[PDB]
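Novice: Output the structure for:
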Amino acid sequence: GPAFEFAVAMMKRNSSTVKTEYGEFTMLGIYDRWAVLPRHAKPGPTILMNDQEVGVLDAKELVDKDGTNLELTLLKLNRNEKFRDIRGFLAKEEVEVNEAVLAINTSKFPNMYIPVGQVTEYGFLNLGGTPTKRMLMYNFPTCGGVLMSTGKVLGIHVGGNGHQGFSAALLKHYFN
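Specialist: Residues are numbered from 1 along each chain as shown. What follows is the structure:
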């Protein structure tokens, strides 16, 4: 219940629906006009944010230092309003919890919340025939959804299959 209350509030304040030429995704603004998208969103020079066109001044396809894929794309946007800073909600390293909620805010899954239970650091994973690290795991039957628990933003949903879902851990240092 507390994780749900925290998630609804966090999504109202920092999330938006984004449309790229590759689909509709949930986007979470982090600080300034720096936001994060699942890598597969493949944002172009402009995106649509809540049905209105916005420019992208920069995009960084995050990688660890053995060059490995982390499956997240940081994007700097061209707009005036700034994101309520949520870096203090981001852990320093992969978080494991016993009760997490996955929140989605697009059109196929509008203001939807999924209880996914315990989340455990999964580590290395060959996601798309692509080597990937910093993966978090939870059971998830059947995006860019935001994985949260009470007072914590854990990661961004990037994949899964039938019974397990995977999120890229959203770490504090990716943002300074």
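Novice: Can you name the residues that contact residue 77?
Specialist: 33-35, 49, 54-57 (C-beta atoms under 8 Å, 6 or more residues apart in numbering). From N, CA and C alone the C-beta is placed, and that goes for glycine too.
Novice: pretty sure it belongs to a helix, no?
Specialist: No: counting by DSSP: H, G, I helix; E, B strand; the rest coil, one finds residue 77 to be strand, located in no helix.
Novice: First-to-last residue distance for stretch 122-140?
Specialist: 14 Å (C-alpha to C-alpha, to the nearest Å).
Novice: outside of it, which residues touch it?
Specialist: Contacts of stretch 122-140 (C-beta under 8 Å, 6+ apart): 64, 68-71, 94-95, 100, 102, 114, 116-121, 147, 154-155, 158-160, 163-169, 171.
Novice: hmm, try it at 7 Å
Specialist: 64, 68-71, 94, 100, 116-121, 147, 154-155, 159-160, 163-169 (C-beta atoms under 7 Å, 6 or more residues apart in numbering).
Novice: ok, and for it, which residues are buried?
Specialist: Within stretch 122-140, the residues scored as buried using 16 or more other C-beta atoms under 10 Å are 122, 125, 127, 132-138, 140.
Novice: Check those and tell me the two furthest apart.
Specialist: Within those, 133 and 140 form the most distant pair, 19.3 Å apart (C-beta to C-beta).
Novice: So which of the buried residues of stretch 122-140 belong to strands?
Specialist: 122, 125, 132-138 (DSSP state E).
Novice: Any chance of the contacts of residue 77 in TSV with secondary structure as columns?
Specialist: Output for the contacts of residue 77, formatted as TSV (three-state DSSP):
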residue	secondary structure
33	coil
34	strand
35	strand
49	strand
54	strand
55	strand
56	strand
57	strand
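Novice: can you list the domain ranges for the chain.
Specialist: Listed by curated CATH domains, the domain ranges of the chain are 1-14+84-176, 15-83.
Novice: partners of the residue most central in space within the chain in the sheet?
Specialist: In the chain, the residue lying closest to the centroid (C-alpha atoms, centre = their mean) is residue 156, at 2.5 Å. Beta bridges link residue 156 to residue 146, residue 168 when assigned by DSSP bridges.
Novice: Spit out the contact partners of it.
Specialist: So residue 156 contacts 28, 36, 38, 72, 144, 146, 167-168, 170 (C-beta under 7 Å, 6+ apart).
Novice: what does residue 34 give?
Specialist: So residue 34 contacts 74, 76, 175 (C-beta under 7 Å, 6+ apart).
Novice: Starting from residue 96, give me the distance back to it.
Specialist: According to C-beta to C-beta, to the nearest Å, residue 34 stands 26 Å off from residue 96.
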